[PDB]
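K.L.:
Protein chains in written order, with our numbering: chain A, 1 to 672; chain B, 1001 to 1200; chain C, 2001 to 2150; chain D, 3001 to 3150; chain E, 4001 to 4096; chain F, 5001 to 5050; chain G, 6001 to 6050.
Here it is: the structure, laid out below.
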């Protein structure tokens, strides 16, 4: 219960809602000083003399329109073609407003009308918008006392308090910030899309494997606990791995983010097979032809041969007709959008070091800050169409990066879009409790105690779709009164007092465990040290199910066991939480060994006797099986665990054996 | 467009409360059964979003009625339905919750009114009233007040839900279980009783 | 099901402001009513102000794209009867091979968004030829891209 | 969510450039420094070269198509009294009849890619009217064109 | 345009754990596999060493390795209201 | 813009716009023919004697 | 026209079982009968004539 604040850290949309159909590099009508260049005219008139426009003769009195609303961009003229207007009117923003591209321009309608005006005026009742009624004459009239210097355009200057939200410019010509002519090459680069809400199926909301303050369940008589966690234990990874069996974790539900963080198979693995552009498409000029030529009609009467005088009844001399073909400006549509999406989705979520540094614009301090990663734009060349066309192959270039922070996830996208698009929110939900001991328990009557805590840091509790911090940037969450919604069955009161007999005795006790009942261990591997093993002294371990290892980053998570940690400066996808074990292929060879003796597979069963080669590239075409880089030592191994394949031959699994977090779903072999 | 004959319903979402009353005496429960002792709310009122689950105003006194008819989710645990249990016209598949946030009317300074055609966002390229070609020029937009990216405009979230094709399911039981023809409270101690007046 | 593009799309010019028209400024006090000379603090006539309707160079995007879909997706595996090899260019002679039918030019002036429009019907000559032998498949897609590009 | 058009889409004018200036050749031999005469093999008196920048035509492609996606199949299925129609052209009577409810078109800006942008939201605008009058049904899609198309 | 090349083939494989069973067969049949509680690995003490090798490292990363341990509870109730608690992680020197 | 017959100056600025679609089709089972439930035009459907 | 094929080497591989002697010594003889003989058939046992 309470309120959430996202901050200036998020953008659920990738595009623009503010003049996003006008040209990218074209500035708004405004003036500069050293002489002016720009000015536009949409509105119509009859005859202007001492006032701004005369827009009508209404009845018996002429009317000139107010400064509040005057040239609405909506209204133009009934005709499409090149037609001439005697009296026109348009807005030309005042000299407090610099040259700024239309693509991404927000304005504040201060008055009753949507036509945005001034805020400050004189002392009595500051209301009237300082919109200039200064008309513009033509070169036709300059001299003569009494001669009409009648305006063709009347330009309307506005002093409006404005800010730019949806765009931040990539390339600017000169330093000048007040007024300058040299902001002509100034264009519009939209901000990087990223959305912030609950991590998939309420994960990371409460503490799991953190016993500074534990999830203790006691009793009004009972002194004991229900939480006994350690750093060498998993509870965050449980509620996804065991829940893989009970339906595919993709189905649409709003409470828990039941659709889980999942990359597009079209985006991560590139489907580069060119473009369908085999036909040219055309952007014909206004309606066909733009030319004015005198064309006078002709017909034979006296001149019998080739030479004739003129026509009988002559058509009017103004004939805007082409002698040849009507024009068409050629476009290849298929290739245009292909650059837009493929250059974007690869370069957007790439680590920023080769990316660009300050050029005539303001920039933030830290590399991991939202605004620092925002204004950076690498060249559309390597991330373009033509890297390796004709191969369903994600290159060595892309595969190292955080492949879950994307444009469309089943998880990431679903939460923020149903949370409340914006910072300040009054919203409530029933929130999780996921321990194995607590789950499917039917409590006996009596007197009990139930004690908990929360991880308060904004950074860890909520995800980011680009990989930008909340606590370090600007975000805070406040909590009100927390509740519990306990639901049980309305049992028959004769039975509710007698069915207890099973749990009334210490003979049969509701026993629970994780499917991954495992205990781990953390150890760091830095740069220029590719060979790191594990050494543990003599230990009395009895049972064992097997082994499962993958990779975690120190950059995107620290050695956690509390809320308050200054180490956590990221907010991206974590392998420990969302099942984001993306760097699984990063294993060359694995050799297991026991207590002071020779390494594990000594019972000689495979081509390589001791070391399990996970990856061997172009070493020998007979070690890496079925055109996949994996060696036979590990290729058979994956379908040998839960699957019963590798003795009866080779089987292709049914539509339920591949429970989403398993092998073929995730991984697909590739070649270039 | 027809809701009833086609099977593709739509109107299931907009209902405040269904106050079931057997002859003006203690209501359909009569055992303090749920959160409400007299009423059966569907679309919760603005009063108490804390009780509502699933990131909407969906009340929990009834999120244990349609969630317990076709498939029992609300005793043994808040579990996940199968692709077979969740049918093409059942409670879960077609129903998908929704939420919004844009602008608040009572918190901001200059937000007096933004009109229908008074706006100035993508005009010029877009028509004045008809689908006509380039009529006008380009001028800065003013309609969608953002609280997104690099801006601060105070806003409050509305939480309406959407129910499509789903059939308003409810078991006729004190135990709230739809099992067998002879239902738990349908044919009990004094429920196969003679004709009594009904006013709901 | 036709071409759903009820709203026009325009290939808009550079900035929308392109016409060489010199313009000055005006203001009445030397002539109080209907007679003017010059404006106060007026700046030079380097004006390029567009006076009226801005250019809109038209295109139907959903119809032009539908063209591609339908000309690339079927016409080169369309029956060879209306297909004729163009003059002034010489082609290696073998029907099926990457030269003959591959470069034999055919019209999208039939395989377009106007053949049995509205009607769901696979054309009886698409049915005569193999739909499995076309430029985009699923069987060849997961192997030719899995072997190595070239 | 809004659009994806980070790279501007251009409707390239015909063959590149047309506004070209005549150019004539000059030789370094006759005048050694700052003096130039008639060259040996002249560049012709019709050298069609526009020097500097290519003329561009911006069509922000993603917006106006998505505008139509919310227009032809969303904006045309709303409450039918605030929905607008032009003043002049001849029309029939009933709102249920073809002639009155095909000419009827609400503002193209009103239902575009900016209404409550960011959240996956459906307003009380087309949810209290059945999505069966929609252009989106798969059941009606089948039989409408399977039996006939006339 | 005939050019010469030698290909590079590589597998992608994310979001699943590298799972290997603990039996002489090396196939997980049930929960406790053959070698899990056999003749050699039952009550005696032994200490697992390693020889890991990964593809070239660039960023400081923790190689997250799970040993398949076994932690179970049992919810006792001798009196109504009073709970008796006992936990057990066995392949990690924990239990009772 | 103009009431005039056929063509006049301002009808060069006139524009065309597609009609609204209406799919004349049948229901999810096309039921609407037989009187299954209707109390009037119902079927007896009995024997040759009884 | 274009393509030429040349494979270099052929190599045998098969997936055996690390067979438990306790049962396999009986199971080898179990298959070694006139009685225990396992027959295979297709889903479509169709005879082709061109």
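Positions of the beta carbon are idealized from the N, C-alpha and C atoms, including for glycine.
Report the neighbours of residue 2056 (chain C) on chain B: residues whose CB is nearer than 7 Å to its CB, in chain order.
P.N.:
Under the 7 Å cutoff, chain B gives 1133, 1134.
K.L.:
With 16 other CB atoms within 10 Å as the buried threshold, where does residue 70 (chain A) fall?
P.N.:
Buried is the call here.
K.L.:
9 Å is my cut-off, CB to CB: does residue 5001 (chain F) come that close to chain A?
P.N.:
It does; some Cβ of chain A falls within 9 Å.
K.L.:
Which residues bound the alpha helix (DSSP H) around residue 3069 (chain D)?
P.N.:
Taken as a continuous stretch (DSSP letters only), the alpha helix (DSSP H) holding residue 3069 (chain D) covers 3061–3069.
K.L.:
Of all Cβ atoms in chain B, is any one closer than 9 Å to the Cβ of residue 3104 (chain D)?
P.N.:
Not one chain B Cβ lies under 9 Å of residue 3104 (chain D).
K.L.:
Which runs of the alpha helix (DSSP H), 4 residues or longer, sit entirely within the stretch 201–272 of chain A?
P.N.:
With a minimum length of 4 residues, the continuous alpha helix (DSSP H) runs that stay inside the stretch 201–272 of chain A are 238–241.
K.L.:
Can you tell me the Cα-Cα spacing of residue 273 (chain A) and residue 403 (chain A), whole angstroms?
P.N.:
Rounded to the nearest angstrom, the two C-alpha atoms are 22 Å apart.
K.L.:
State the start and end residues of the unbroken alpha helix (DSSP H) segment that holds residue 91 (chain A).
P.N.:
Premise fails: residue 91 (chain A) lies in the beta strand (DSSP E), 88–91, not in any alpha helix (DSSP H).
K.L.:
Which word fits residue 308 (chain A), buried or exposed, when buried means at least 16 other C-beta atoms lie within 10 angstroms of its C-beta?
P.N.:
So residue 308 (chain A) ends up on the exposed side.
K.L.:
By Cβ distance, which residues of its chain are closer than 6 Å to residue 2021 (chain C), with the 5 residues on each side in sequence left out?
P.N.:
Hits under 6 Å: none found.
K.L.:
Count the other CB atoms, across all protein chains shown, that sit within 10 Å of the CB of residue 1116 (chain B); report buried if there are 16 or more and exposed otherwise.
P.N.:
Exposed: under 16 other Cβ atoms inside 10 Å.
K.L.:
Output the distance between the C-alpha atoms of residue 73 (chain A) and residue 1123 (chain B), rounded to the nearest integer angstrom.
P.N.:
So the two alpha carbons sit approximately 5 Å from each other.
K.L.:
Going along the chain, which residues of its own chain have a beta-carbon closer than 7 Å to the beta-carbon of residue 46 (chain A), five neighbours each way excluded?
P.N.:
Correct list, in chain order: 54, 87.
K.L.:
Any Cβ of chain F within less than 9 Å of the Cβ of residue 2052 (chain C)?
P.N.:
For residue 2052 (chain C), the answer is no, since every Cβ of chain F falls outside 9 Å of its Cβ.
K.L.:
Taking residue 77 (chain A) as the reference, which of C:2051, C:2098, C:2097, C:2013 has the closest Cα?
P.N.:
Nearest of C:2051, C:2098, C:2097, C:2013 to residue 77 (chain A), Cα basis: C:2051.
K.L.:
Please name the residue, chosen from A:411, A:222, A:614, A:469, that lies closest to residue 4075 (chain E) on a Cα-to-Cα basis.
P.N.:
Ranking A:411, A:222, A:614, A:469 by Cα distance to residue 4075 (chain E) puts A:222 first.
K.L.:
How many angstroms separate the CA atom of residue 3097 (chain D) from the CA atom of residue 3105 (chain D)?
P.N.:
Roughly 15 Å between the two C-alpha positions.
K.L.:
Under three-state DSSP, which class holds residue 4037 (chain E)?
P.N.:
It is helical.
K.L.:
Thinking residue 1089 (chain B) and residue 1007 (chain B) are a contact (beta carbons under 8 Å), I'd like their distance in whole angstroms, please.
P.N.:
About 6 Å separates the two Cβ atoms, so the contact holds.
K.L.:
Is it true that the CB of residue 478 (chain A) sits closer than 9 Å to the CB of residue 673 (chain A)?
P.N.:
It is not possible to answer for residue 673 (chain A), since the shown part of chain A is limited to 1 through 672.
K.L.:
With 9 Å set as the bound, which would you pick, yes or no: does the beta-carbon of residue 638 (chain A) sit closer than that to a beta-carbon of chain G?
P.N.:
Taking Cβ atoms only, chain G never reaches closer than 9 Å to residue 638 (chain A), which makes this a no.
K.L.:
My output table needs one value for residue 2105 (chain C): the three-state DSSP class, helix, strand or coil.
P.N.:
Looking at residue 2105 (chain C) - three-state DSSP - the assignment turns out to be strand.
K.L.:
Can the beta-carbon of residue 22 (chain A) be found less than 9 Å from the beta-carbon of residue 3060 (chain D)?
P.N.:
In this structure, residue 3060 (chain D) lies closer than 9 Å to residue 22 (chain A) by Cβ.
K.L.:
Between residue 672 (chain A) and residue 393 (chain A), is the Cβ-Cβ spacing less than 9 Å?
P.N.:
Contact: yes.
K.L.:
Express the C-alpha separation of residue 43 (chain A) and residue 1137 (chain B) in angstroms, rounding to a whole number.
P.N.:
Near 9 Å, if we compare the C-alpha coordinates of residue 43 (chain A) and residue 1137 (chain B).
K.L.:
Between which two residues does the beta strand (DSSP E) carrying residue 4007 (chain E) extend?
P.N.:
It is not in any beta strand (DSSP E) - residue 4007 (chain E) carries neither H nor E in the DSSP assignment.
K.L.:
First and last residue of the beta strand (DSSP E) that includes residue 156 (chain A)?
P.N.:
Run containing residue 156 (chain A): 153–156, per the beta strand (DSSP E) assignment.
K.L.:
Report the option in E:4003, E:4037, E:4086, E:4055 whose CA atom is closest to the CA atom of residue 542 (chain A).
P.N.:
Nearest C-alpha to residue 542 (chain A): E:4037.
K.L.:
Cα-Cα, which of F:5025, F:5001, F:5016 is closest to residue 3150 (chain D)?
P.N.:
Taking only the C-alpha atoms, the option nearest residue 3150 (chain D) is F:5025.
K.L.:
Which of helix, strand or coil does DSSP assign to residue 2010 (chain C)?
P.N.:
Three-state DSSP puts residue 2010 (chain C) in a strand.
K.L.:
Assign residue 1023 (chain B) to buried or exposed, taking buried as 16 or more other Cβ atoms, counted over all protein chains shown, within 10 Å of its Cβ.
P.N.:
Classification for residue 1023 (chain B): exposed.
K.L.:
If the cut is a Cβ gap below 8 Å, which residues of chain D does residue 292 (chain A) touch?
P.N.:
Those within 8 Å of residue 292 (chain A) in chain D number zero; the least Cβ separation is about 17 Å.
K.L.:
Chain F partners of residue 3085 (chain D), CB-CB under 9 Å?
P.N.:
The contacting residues do not exist; residue 3085 (chain D) stays about 11 Å from chain F at best.
K.L.:
Is the stretch 629–643 of chain A close to the stretch 1048–1066 of chain B, with three or more CB pairs under 8 Å?
P.N.:
Touching, no.
K.L.:
State the DSSP-derived secondary structure class of residue 6026 (chain G), mapped to helix, strand or coil.
P.N.:
Residue 6026 (chain G) falls in the helix class under three-state DSSP.
K.L.:
With a cut-off of 9 Å, does the C-beta of residue 5013 (chain F) fall near any C-beta of chain A?
P.N.:
Yes, contact with chain A.
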